[PDB]
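A quick write-up on the structure given underneath.
Derivation of every value follows stated rules applied to the coordinates shown; laboratory data play no part. Note: ideal-geometry Cβ built from the backbone for every residue, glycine included; neighbour counts use all protein chains shown.
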Amino acid sequence: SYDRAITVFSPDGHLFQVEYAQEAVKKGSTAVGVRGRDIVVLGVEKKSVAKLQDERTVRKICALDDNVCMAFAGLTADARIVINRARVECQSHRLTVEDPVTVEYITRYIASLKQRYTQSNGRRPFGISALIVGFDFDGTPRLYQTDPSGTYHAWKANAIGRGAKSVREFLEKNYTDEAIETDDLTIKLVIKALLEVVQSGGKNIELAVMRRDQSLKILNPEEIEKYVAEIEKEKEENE
Amino acid sequence: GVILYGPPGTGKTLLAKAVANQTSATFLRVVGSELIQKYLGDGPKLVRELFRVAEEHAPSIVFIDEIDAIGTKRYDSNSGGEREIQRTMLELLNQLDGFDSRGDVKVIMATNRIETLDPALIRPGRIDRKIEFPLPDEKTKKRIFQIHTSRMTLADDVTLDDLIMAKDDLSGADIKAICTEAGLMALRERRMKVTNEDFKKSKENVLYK
Amino acid sequence: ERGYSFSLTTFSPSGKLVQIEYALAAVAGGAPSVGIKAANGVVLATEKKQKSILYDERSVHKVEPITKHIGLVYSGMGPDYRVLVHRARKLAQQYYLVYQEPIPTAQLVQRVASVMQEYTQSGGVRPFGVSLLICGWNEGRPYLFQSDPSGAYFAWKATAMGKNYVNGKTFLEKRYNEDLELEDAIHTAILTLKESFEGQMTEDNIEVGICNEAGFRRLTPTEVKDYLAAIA
Amino acid sequence: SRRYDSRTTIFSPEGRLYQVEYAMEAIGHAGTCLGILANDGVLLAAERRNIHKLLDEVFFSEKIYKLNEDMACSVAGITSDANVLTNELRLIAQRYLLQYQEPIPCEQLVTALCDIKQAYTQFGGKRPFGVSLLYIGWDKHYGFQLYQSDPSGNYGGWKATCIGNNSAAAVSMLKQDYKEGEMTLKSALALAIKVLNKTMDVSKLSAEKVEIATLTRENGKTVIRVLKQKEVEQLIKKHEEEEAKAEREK
Amino acid sequence: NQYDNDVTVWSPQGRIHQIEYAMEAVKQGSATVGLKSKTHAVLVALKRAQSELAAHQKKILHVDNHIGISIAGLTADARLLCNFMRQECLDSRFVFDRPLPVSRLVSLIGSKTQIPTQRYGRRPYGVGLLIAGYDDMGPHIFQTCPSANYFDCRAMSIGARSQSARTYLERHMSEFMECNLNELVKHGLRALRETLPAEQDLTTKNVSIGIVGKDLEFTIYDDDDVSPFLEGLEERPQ
Amino acid sequence: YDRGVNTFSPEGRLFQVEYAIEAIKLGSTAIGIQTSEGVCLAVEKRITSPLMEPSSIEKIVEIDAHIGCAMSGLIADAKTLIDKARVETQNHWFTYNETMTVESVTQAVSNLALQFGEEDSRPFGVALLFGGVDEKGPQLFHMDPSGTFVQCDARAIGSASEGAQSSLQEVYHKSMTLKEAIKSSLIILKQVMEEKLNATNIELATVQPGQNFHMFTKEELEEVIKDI
Amino acid sequence: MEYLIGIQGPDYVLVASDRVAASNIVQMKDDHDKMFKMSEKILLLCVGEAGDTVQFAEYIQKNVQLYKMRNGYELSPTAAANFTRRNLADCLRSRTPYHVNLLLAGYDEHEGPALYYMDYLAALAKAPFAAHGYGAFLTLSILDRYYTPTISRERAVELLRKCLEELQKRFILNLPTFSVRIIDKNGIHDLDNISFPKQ
Ligand SMILES: Nc1ncnc2c1ncn2[C@@H]1O[C@H](COP(=O)(O)OP(=O)(O)OP(=O)(O)O)[C@@H](O)[C@H]1O
Ligand SMILES: [Mg+2]
């Protein structure tokens, strides 16, 4: 057994292996999510496809239950083992207390798994950040995120990945109340958001909405070809 | 102080020429590899007389390029080992923020391995501005092809947008490395315009080896 | 007590495992040894010089049998060899207690080289400093395999290990063909060990072991003197 | 004892980690493997390295390893590290068959091994594997599949990929000559001999220098056929006949 | 100094520096003075605080009905040996049905704290135990140190500025083996006014006294019942 | 160059215990005041973004029905100590059929605070206030990353800790009431925080002898603010 | 002790069980449910002692729901039934063997409908019809009397009607009510809770 303290304090009060892992998040591909009052909409950008690969084994939006979706950034090898440990826990909740898992509960499991893992012996911390999105019982759509140090944190709109400060500055000057008016109008905010990011001009973006009673339903590159037309068409006439 | 860092071939040396184009100051350049000497103490003597030259002329600009090379590569000419590299850097650490009256001397530095060198040299007071250079973005890439193919009689066969995403992280240096090479293939056949198959065999020659 | 539980063998920034590259230097400074298979059996021949006249040459042996039909020589350092001999003696028994059959020579090298790879990754250990040559005649056809401290293995027709191994491989390439008997391969194994020995190659400076379909055995110095006679 | 510890698990101050990038640096050199599919069948084209004139040429394969009764793998990197992985997911497929009495799907065999490979990069103070490898196979859920593993622990589905020494040159030409769902298992073979004509610096394409194995679906068989050295060279010269025709007529 | 890192490493002079640095930790805590008569064992502590509204940190603890201790150093390792101290007293009372003798208790501590002073990656216990108790042989004053070396003594003082208290105890210890409980205590109280700056001494909220006695169970006096003992002292001469 | 985690200084303290004392100077500030009428206890939130939901974060959390808490420094490892305190108060109720006192909760946590090493891995970088009403009335305790706890009367912990303590020693006296202790704390928090004071940047909680642990919410809270 | 039945047709599986949760001599609950879903086309019908029928059958249910989330598709009825047989057989030679009797019913899009049979010794059996409990001794003889491999689902219900009326003539237990399912290409469907009025 390898017993060595990896994460230790700095002489001024930092945890260096934590904040080095935050920079591995800061060059993964961008993931943006907002919530509507009835339909949540989150979609990663930079699919970065090379037209010789299977398109389904590269997906970064998975589901933990029927109601809880999840996107991430950072490095993918650490991601899909946190996900598989979350799938066991949200299934073991049902053998216990009968209701399906509330979206706040599954964030506390991931965040507490991630903290104690910056505390044990001989373990580097995880290098991912996540967005947990779900519409729980009694239909209240909400989302969260998870820092690699393990601080779960709710939001109304957020973005992580490479180029996340510029998108977060873009949303606050754009997030109104009437932006979440229609289920097709909230999507026009996300498609306007990631187009203000690394280019992804309809060819590298994959939105995925959830209408509070469905599962995840990814629109194929025909409505995004339709939406990016009309989002740029309104931009064509006003300016 | 101003330092410039980033991956190799992104335009660190390219930007310093634009400053020396523009300025009316006297402009001094030295490479970091030639700071190390074969005799003992000839290193720190060379630094002291550099800033003597820079101060005695004018408002002046001292450009020191590739300063990570003072600490990475060990050479058998240097009789003092790593503890002659060290004594030179202590003199360089003096000449940026000594107690002497400095005068009007601006210092520009550039490297591509920013994590290797001494953090005492990058403290505020010696270098204030720290400028990162990223890789060229794919809409800034198209601008670079517009520059290096400006004054060439480019035939209308070619499509530049296929050339852009060829390497996913091709630097600005690679673009000039292709555009200069494709012109060299045309002079093998005495032609005046550059066709598409020039570029098709160009990236095989430049990138893939 | 306890161990270290961390690998002291890491990747270089040039992408090379440096400790394995150093272990091959200790193999190359060993005693020279050649091995030749030819169409009815395998010949293993090594070079054993005592440092002085005080040593008892009939006490230790370079050529060792593993079972009825598998022999094994080395070229490296001494005390590492006796460890993985006693390991390979045991591995041939757990195959036999399960299957009631002598082990194939291929499946032994599957399991001996798995020990050497496991030993260059685990915590707190330096790799072995020996390379092996393994013979045997399973199901008529003979076999000749060579392992290395990294844990790989090969299937040679004829090869040399030890000092001046790059000269022996050029010598065997100009000598070996498909069609030889066992007594011809003995004569050309002495002819390639004479490239690097001293002036006197007596009946006790070398050590030769053979396989047949009758099984592995090791030559006594009586007939080794007869093979050393009328040689070169 | 903490003076001798090399800390093969920690991050670097720039954010990335050095140890697996040194391994993927070593995965570039020493080997060449590629695969292709568009229709019924899938192939693995691999180039032999040790072509010395004194070897026995046995064990039915050199870098091809049959894993299940209907899937196989081609490996690249440290060969000794490869022998531990190959007989590790060989019994992952068998403990699946013990548990469900059904052959394992080709995708979740890859995810099972790439979790073992990911764990050494993450804790234990242990040297990771410098091994990347391909996966062909068939299952009833999706048919012919093609995967690729990395030493970091992340996999991916593909259609044609090379992990050779000039693998970037091969991929750049695979996405120059390709067709989605129309490359039958003769045009892919002619395309396979075309690609390793380029990336192999040893010219003239010695038939003993390469190995090609095909996986075709026969009704209850899924025949994995390592094609012999008598039909390689006629496929070699078939590439040679058309290239003298195409050069002279252009 | 590369010989200055781990407890295992000997110095070339032969003095392990990690043990010598734990002696610096006991010199940081406030002073305390223990002494004994023929029939009594009295230890007196001096508390400290952080602000004027925060409470004062206690130092005298109750181990058993005939054993009490006083700590100096970091308080977390003090409770680690205190919970070991209480456990070793009541199981001997569970097995043999007798009070565990004091001189046999301290040798269990000396074997307890010597173990992490020899392994790898194990700190010493920075603590300043003054022990007062009863055998069948009368009172006993024992002190320990992080070098796992316990001392039999008749009056000692440890903590910050304790050398001035030791000079007072040497020139008055001929009187200690005769007096009753009253001026035995205020002999020790004149040692704590020695180890202070010349303006504040004994303001009834920073001092504590613990006595075990020949027919008296170990009793701690805190900040109100100190005042009968504390009255009857003369002014500081200047 | 690299020491172990368990090394004394030449001045004798430690290295990483003393480094963790520095880490709680980056956390948000928090004020607790003990009054004989009851314990009031407040904090700021340090809201970063307008898009952020404000109530998802918390600093006041309850341990039992009569004991509240307040955390500073890091947050993610504070939740480990909170869960050990909640379990400890329920094991004491299960085995003794009573309520664990406020002091004995604190030493049950403070024994856990210094247990790292290389067997069986770093000290916790939080600082806690424990407000509660046991049978000795209202109590107020303060622990350390070093595991040292002491009863305080008006303790201010966070990035503005030493600036607030000086302004808090002048207004506190032993005969306060709870209605003026609540008002006196928000005068101090109005000075030290960055943004303006409203009903969303801060939150309070008071524990009484009569009723149990009560946390204020955004309806009864702003009558203190508009009548500051 | 209590009864369930397994008629399997060409493109459907008709299953039914009782609804009585028993006690010493009384019946605690008259509308109990012995039916456990795992997928959209796989059921589970468990009979045995008190604790093991509840906890084993929901242990299997959390492993089948987990397989669908990790992969995106469901188990076949062949593989789902054969995963259960490994779990009894491994826990058989233990300190706590489960004592349950069960039969699993499933539909697949490749091999059509399927019915499997198990006991408390974990022996599989691919059967066209099966039954557990003491009512199996009474009711198997009617069922092979009238079984056709090509039987329509309308007359398969009235065969089950005939198979239960004899169970309320010569069987000493009470058993008034019976809950009925049906499985097809469209998934699980609830049929009429057939019963006999004791008024
Ligand atoms: N962003 C750019 N726009 C236009 N040209 C560029 C750009 N980046 C690089 N180039 C071309 O690349 C050539 C070399 O660039 P330069 O040497 O300045 O990069 P560098 O980062 O300084 O290289 P090094 O890291 O080796 O010092 C220049 O002559 C320039 O023409
Ligand atoms: Mg340059």
Pick from the range B:159-209 the residues that are of a type in the set (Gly, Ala, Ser) and part of a helix (DSSP H, G or I): which of them is nearest to A:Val49 (Cα to Cα)?
B:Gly172
Name the residue, out of D:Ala46, D:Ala30, D:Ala26, D:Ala76, that is buried (at least 23 other Cβ atoms within 10 Å of the Cβ) and within 14 Å of chain C (Cβ to nearest Cβ).
D:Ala76
Selection over the range F:142-180 where residues are in a strand (DSSP E or B) and closer than 20 Å to F:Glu22 by Cα yields a count of 5
Residues that are in a strand (DSSP E or B), of a type in the set (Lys, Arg) and over 14 Å from the mean Cα position of the chain (by Cα): does the range A:124-139 have at least one?
no
Does the range C:60-117 hold any residues that are among the small types (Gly, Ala, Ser) and assigned to a helix (DSSP H, G or I), and which are they?
C:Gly78, C:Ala88, C:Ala92, C:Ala106, C:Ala113, C:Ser114
For the range C:104-121, give me each residue that is of a type in the set (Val, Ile, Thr) and more than 8 Å from chain D (Cβ to nearest Cβ).
C:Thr105, C:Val109, C:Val112, C:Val115
If you check C:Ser7, C:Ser12, C:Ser59, C:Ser33, which single one turns out to be among the small types (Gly, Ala, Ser) and within 23 Å of C:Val109 (Cα to Cα)?
C:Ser33
In the range B:8-26, which residue that is assigned to a loop (DSSP other than H, G, I, E, B) and surrounded by fewer than 14 Cβ atoms within 10 Å (Cβ to Cβ) is farthest from ligand 2 (Cβ to nearest atom)?
B:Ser24
Would it be correct to say that G:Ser94 is farther than 30 Å from D:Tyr142 by Cα, away from chain D (no Cβ under 14 Å) and small (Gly, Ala, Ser)?
yes
Checking the conditions here, which among D:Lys126, D:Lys63 is more than 7 Å from every other protein chain (Cβ to nearest Cβ) and buried (at least 17 other Cβ atoms within 10 Å of the Cβ)?
D:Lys63
Provide a single number: the residues in the range A:5-20 that are part of a loop (DSSP other than H, G, I, E, B) and facing chain F (nearest Cβ under 7 Å).
7
Of B:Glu181, B:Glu189, which residue is out of contact with any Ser or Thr (no Cβ under 9 Å at 6 or more places or on another chain) and more than 10 Å from ligand 1 (Cβ to nearest atom)?
B:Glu189
Condition test on B:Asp156, is it part of a loop (DSSP other than H, G, I, E, B), under 23 Å from A:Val197 (Cβ atoms), more than 16 Å from ligand 1 (Cβ to nearest atom) and of a type in the set (D, E, K, R)?
no
Does B:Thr13 count as of a type in the set (S, T, N, Q), away from chain D (no Cβ under 14 Å) and away from ligand 1 (no atom under 16 Å from the Cβ)?
no
Scope the range B:140-198; condition crowded, with 19+ Cβ neighbours inside 10 Å, within 16 Å of ligand 2 (Cβ to nearest atom) and of a type outside the set (A, V, I, L, M); matching residues:
B:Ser171, B:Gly172, B:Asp174
Being in contact with an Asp or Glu (Cβ under 9 Å, 6 or more places away or on another chain), in a loop (DSSP other than H, G, I, E, B) and under 25 Å from C:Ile20 (Cα atoms) narrows it down to one residue among C:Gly140, C:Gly168, C:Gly151; which is it?
C:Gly151
Qualifying position, being part of a helix (DSSP H, G or I), exposed (fewer than 15 other Cβ atoms within 10 Å of the Cβ) and within 16 Å of ligand 2 (Cβ to nearest atom), among B:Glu49, B:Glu34:
B:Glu34
Residue in the range B:128-145 that is closer than 22 Å to B:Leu4 by Cα, part of a loop (DSSP other than H, G, I, E, B), away from ligand 1 (no atom under 16 Å from the Cβ) and more than 19 Å from the chain's Cα centre (by Cα) present:
yes
Just the residues that are more than 9 Å from chain E (Cβ to nearest Cβ), in contact with a helix residue (DSSP H, G or I) (Cβ under 7 Å, 6 or more places away or on another chain) and buried (at least 21 other Cβ atoms within 10 Å of the Cβ), please, taken from the range F:130-181.
F:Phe130, F:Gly132, F:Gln139, F:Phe141, F:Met143, F:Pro145, F:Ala156, F:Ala160, F:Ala164
Residues satisfying the stated conditions in the range A:92-112, i.e. within 11 Å of chain F (Cβ to nearest Cβ) and surrounded by 16 or more Cβ atoms within 10 Å (Cβ to Cβ)
A:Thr107, A:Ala111, A:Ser112
State whether one or more residues within the range D:55-62 are in contact with a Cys (Cβ under 9 Å, 6 or more places away or on another chain) and of a type in the set (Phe, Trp, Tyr).
no
The range C:1-15 residues that are at the interface with chain D (Cβ under 7 Å from one of its Cβ atoms), paired with ones that are of a type in the set (D, E, K, R) and not in a loop (DSSP other than H, G, I, E, B) (beta carbon under 7 Å, 6 or more apart):
C:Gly15/D:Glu25
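So that you can scan it fast, the table gives a plain yes or no per residue for (1) surrounded by 13 or more Cβ atoms within 10 Å (Cβ to Cβ); (2) part of a loop (DSSP other than H, G, I, E, B):
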| residue | (1), (2) |
| --- | --- |
| G:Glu2 | yes, yes |
| G:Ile5 | yes, no |
| G:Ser17 | yes, no |
| G:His32 | yes, yes |
| G:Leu45 | yes, no |
| G:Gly51 | no, no |
| G:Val54 | yes, no |
Identity of the residue in the range B:52-111, within 16 Å of ligand 1 (Cβ to nearest atom) and either within 14 Å of chain C (Cβ to nearest Cβ) or in a loop (DSSP other than H, G, I, E, B) (or both), that ends up surrounded by the fewest Cβ atoms within 10 Å (Cβ to Cβ):
B:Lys73
Would you be able to say whether some residue in the range E:33-40 is more than 30 Å from E:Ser174 (Cβ to Cβ) and assigned to a loop (DSSP other than H, G, I, E, B)?
no
Listed by first then second residue, the pairs whose first member lies in the range A:124-152 and is facing another protein chain (nearest Cβ under 10 Å), whose partner is assigned to a loop (DSSP other than H, G, I, E, B) and basic (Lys, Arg), with beta carbons under 9 Å and at least 6 positions apart or on separate chains, are A:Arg142/A:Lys156; A:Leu143/A:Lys156
Six or more apart or on different chains, Cβ under 7 Å: which pairs go from a residue in the range B:1-26 that's over 16 Å from B:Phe133 (Cα atoms) to one that's more than 9 Å from ligand 2 (Cβ to nearest atom) and assigned to a loop (DSSP other than H, G, I, E, B)? Could you list them?
B:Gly1/B:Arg126; B:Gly1/B:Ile127; B:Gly1/B:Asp128; B:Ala25/B:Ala58; B:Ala25/B:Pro59; B:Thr26/B:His57; B:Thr26/B:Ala58
What number of residues within the range B:16-35 are touching a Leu at 6+ places or on another chain (Cβ under 9 Å) and away from ligand 1 (no atom under 13 Å from the Cβ)?
4
